[PDB]
Each structure stands twice: as structure tokens, then as C-alpha cells.
Amino acid sequence: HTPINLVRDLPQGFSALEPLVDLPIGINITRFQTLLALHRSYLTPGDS
Amino acid sequence: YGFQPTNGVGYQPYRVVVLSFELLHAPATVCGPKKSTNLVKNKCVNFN
């Protein structure tokens, strides 16, 4: 995790990624999908 | 099963636990305990 000041693209620079977790799932995974969240303020009505 | 305290040895209810140990290529999650010894320094020792 690093702070950055740049909207458009990835910053040019080098950094390592340390390993957080090693899980023993042992399942065969072909595909993946990302999840996003919605953000509602007070002004918004709750509805979808 | 009609178990009653009065009954004989064979008759008595018994709690049995069977620990099956599936062995697969997958990472092994359940390993045995650690029999360890004290650490000695500054001596030629056979360390593991």
C-alpha cells in the first residue's frame, strides 16, 4: 500500500509486494471477478 | 439402543472418535506437535 498523487494511470516506479497470506484452499480456479461498493449519502433516498 | 447403566460391558455405550487422515498432494494443514530442545550458542552443535 502506498500513497499516490495521480488520477490517470499507474505511477512509474518500482516497489515490491510482500506476501500477506498463504491459504491452503487447494481448489482449481479458472476465473475471477472484482467487487465494487456503492456509496450513498444522507441526501440520497435509500432505494436502488 | 437401550443403554442402561446396569448393563454389562458390551452393552455399555462407548464414545468412539476416528481420526481419518486424508493424504493428498495439497498443502498439509494438520501436522504433529513440536518436540524441541533448548538453544545453545557458541558451540559446535548439530542443529535442526
# chains A, B, ... in the order shown; residues from 1 in each chain; ligands from 1
>>> closest_atom_pairs(of="chain B", to="chain A", cutoff="12 Å", atoms="only C-alpha atoms", output="tab-separated table")
residue	atom	partner	partner_atom	distance
B:24	CA	A:26	CA	10.0
B:25	CA	A:26	CA	9.3
B:26	CA	A:26	CA	6.0
B:27	CA	A:24	CA	5.9
B:28	CA	A:24	CA	7.9
B:29	CA	A:24	CA	7.3
B:30	CA	A:24	CA	11.0
>>> residues_around(residues="segment 10-22 of chain A", least_positions_apart="6", cutoff="10 Å", atoms="only C-alpha atoms", output="list in words")
residues 1, 2 and 4 of chain A
>>> write_last_selection(atoms="N, CA and C atoms", output="PDB file, in the first residue's frame")
ATOM      1  N   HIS A   1       0.847  -1.160   0.000  1.00  0.00           N
ATOM      2  CA  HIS A   1       0.000   0.000   0.000  1.00  0.00           C
ATOM      3  C   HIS A   1       0.883   1.209   0.000  1.00  0.00           C
ATOM      4  N   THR A   2       0.600   2.178  -0.896  1.00  0.00           N
ATOM      5  CA  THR A   2       1.389   3.379  -0.943  1.00  0.00           C
ATOM      6  C   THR A   2       0.483   4.521  -1.268  1.00  0.00           C
ATOM      7  N   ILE A   4      -0.367   7.899  -3.344  1.00  0.00           N
ATOM      8  CA  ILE A   4      -0.020   8.342  -4.663  1.00  0.00           C
ATOM      9  C   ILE A   4      -0.806   9.578  -4.972  1.00  0.00           C
TER      10      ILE A   4
END
>>> decode(residues="segment 1-42 of chain B", atoms="N, CA and C atoms", output="short mmCIF file (atom, residue, chain, number, x, y, z; two decimals), in the first residue's frame")
data_model
loop_
_atom_site.label_atom_id
_atom_site.label_comp_id
_atom_site.auth_asym_id
_atom_site.auth_seq_id
_atom_site.Cartn_x
_atom_site.Cartn_y
_atom_site.Cartn_z
N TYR B 1 -30.75 -47.74 20.68
CA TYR B 1 -30.03 -48.65 21.53
C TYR B 1 -30.47 -48.41 22.93
N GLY B 2 -30.73 -49.49 23.69
CA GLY B 2 -31.19 -49.25 25.02
C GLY B 2 -30.03 -49.33 25.95
N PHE B 3 -29.36 -48.19 26.19
CA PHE B 3 -28.28 -48.35 27.11
C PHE B 3 -28.75 -47.99 28.49
N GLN B 4 -28.34 -48.83 29.46
CA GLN B 4 -28.67 -48.59 30.83
C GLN B 4 -27.45 -48.90 31.63
N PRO B 5 -27.22 -48.16 32.67
CA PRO B 5 -26.05 -48.28 33.50
C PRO B 5 -25.89 -49.66 34.08
N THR B 6 -27.00 -50.40 34.26
CA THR B 6 -27.00 -51.70 34.86
C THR B 6 -26.34 -52.72 33.98
N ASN B 7 -26.43 -52.53 32.65
CA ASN B 7 -26.00 -53.49 31.67
C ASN B 7 -24.55 -53.87 31.83
N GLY B 8 -24.11 -54.82 30.98
CA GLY B 8 -22.78 -55.37 31.01
C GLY B 8 -21.85 -54.50 30.22
N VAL B 9 -20.60 -54.99 30.05
CA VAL B 9 -19.55 -54.27 29.39
C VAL B 9 -19.88 -54.04 27.94
N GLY B 10 -20.34 -55.09 27.23
CA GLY B 10 -20.61 -54.99 25.82
C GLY B 10 -21.74 -54.04 25.57
N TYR B 11 -22.71 -54.03 26.49
CA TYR B 11 -23.93 -53.27 26.46
C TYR B 11 -23.69 -51.79 26.60
N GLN B 12 -22.63 -51.40 27.33
CA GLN B 12 -22.34 -50.02 27.66
C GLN B 12 -22.07 -49.20 26.44
N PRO B 13 -22.58 -47.99 26.44
CA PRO B 13 -22.38 -47.06 25.36
C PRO B 13 -20.93 -46.69 25.37
N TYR B 14 -20.32 -46.49 24.19
CA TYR B 14 -18.93 -46.10 24.14
C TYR B 14 -18.79 -44.94 23.21
N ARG B 15 -17.94 -43.96 23.58
CA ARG B 15 -17.73 -42.85 22.69
C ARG B 15 -16.52 -43.15 21.87
N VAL B 16 -16.69 -43.19 20.53
CA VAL B 16 -15.59 -43.50 19.68
C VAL B 16 -15.33 -42.35 18.77
N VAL B 17 -14.04 -42.01 18.60
CA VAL B 17 -13.65 -40.96 17.71
C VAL B 17 -12.66 -41.55 16.75
N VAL B 18 -12.88 -41.35 15.44
CA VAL B 18 -11.95 -41.88 14.47
C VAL B 18 -11.37 -40.70 13.76
N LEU B 19 -10.02 -40.62 13.72
CA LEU B 19 -9.41 -39.51 13.05
C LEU B 19 -8.91 -39.98 11.72
N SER B 20 -9.66 -39.70 10.65
CA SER B 20 -9.22 -40.09 9.34
C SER B 20 -8.22 -39.08 8.90
N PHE B 21 -7.15 -39.51 8.18
CA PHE B 21 -6.19 -38.52 7.81
C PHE B 21 -6.04 -38.46 6.32
N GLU B 22 -6.92 -37.75 5.59
CA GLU B 22 -6.79 -37.79 4.15
C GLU B 22 -5.47 -37.22 3.73
N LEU B 23 -4.76 -37.96 2.85
CA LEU B 23 -3.49 -37.51 2.38
C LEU B 23 -3.61 -37.22 0.92
N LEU B 24 -3.35 -35.95 0.55
CA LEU B 24 -3.40 -35.53 -0.82
C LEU B 24 -2.14 -34.77 -1.09
N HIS B 25 -1.94 -34.35 -2.35
CA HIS B 25 -0.80 -33.58 -2.75
C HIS B 25 -0.90 -32.22 -2.13
N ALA B 26 -2.14 -31.73 -1.96
CA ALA B 26 -2.45 -30.41 -1.48
C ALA B 26 -1.70 -30.14 -0.21
N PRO B 27 -1.48 -28.87 0.08
CA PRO B 27 -0.73 -28.47 1.24
C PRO B 27 -1.25 -29.15 2.45
N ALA B 28 -0.35 -29.58 3.35
CA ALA B 28 -0.80 -30.26 4.53
C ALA B 28 -1.01 -29.24 5.62
N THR B 29 -2.27 -29.16 6.09
CA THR B 29 -2.73 -28.30 7.15
C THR B 29 -2.52 -28.83 8.54
N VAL B 30 -2.65 -30.16 8.75
CA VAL B 30 -2.58 -30.64 10.11
C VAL B 30 -1.33 -31.42 10.31
N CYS B 31 -0.40 -30.85 11.10
CA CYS B 31 0.85 -31.52 11.33
C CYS B 31 0.95 -31.81 12.80
N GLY B 32 1.97 -32.60 13.18
CA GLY B 32 2.15 -33.01 14.55
C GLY B 32 2.81 -31.91 15.34
N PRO B 33 2.94 -32.16 16.62
CA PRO B 33 3.49 -31.25 17.60
C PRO B 33 4.97 -31.08 17.46
N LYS B 34 5.56 -30.13 18.24
CA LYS B 34 6.95 -29.84 18.11
C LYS B 34 7.71 -30.32 19.32
N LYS B 35 8.60 -31.31 19.14
CA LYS B 35 9.39 -31.71 20.26
C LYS B 35 10.67 -30.94 20.10
N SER B 36 10.90 -29.92 20.96
CA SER B 36 12.06 -29.09 20.77
C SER B 36 12.93 -29.14 21.99
N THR B 37 14.17 -28.63 21.84
CA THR B 37 15.15 -28.61 22.88
C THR B 37 15.60 -27.18 23.06
N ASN B 38 16.49 -26.95 24.04
CA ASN B 38 16.97 -25.62 24.33
C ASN B 38 17.99 -25.26 23.30
N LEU B 39 18.25 -23.94 23.13
CA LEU B 39 19.21 -23.48 22.16
C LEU B 39 20.48 -23.16 22.87
N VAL B 40 21.61 -23.68 22.34
CA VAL B 40 22.90 -23.42 22.93
C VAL B 40 23.72 -22.71 21.89
N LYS B 41 24.45 -21.66 22.30
CA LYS B 41 25.21 -20.92 21.34
C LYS B 41 26.67 -21.07 21.59
N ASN B 42 27.47 -20.63 20.60
CA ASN B 42 28.90 -20.63 20.64
C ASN B 42 29.44 -22.01 20.85
#
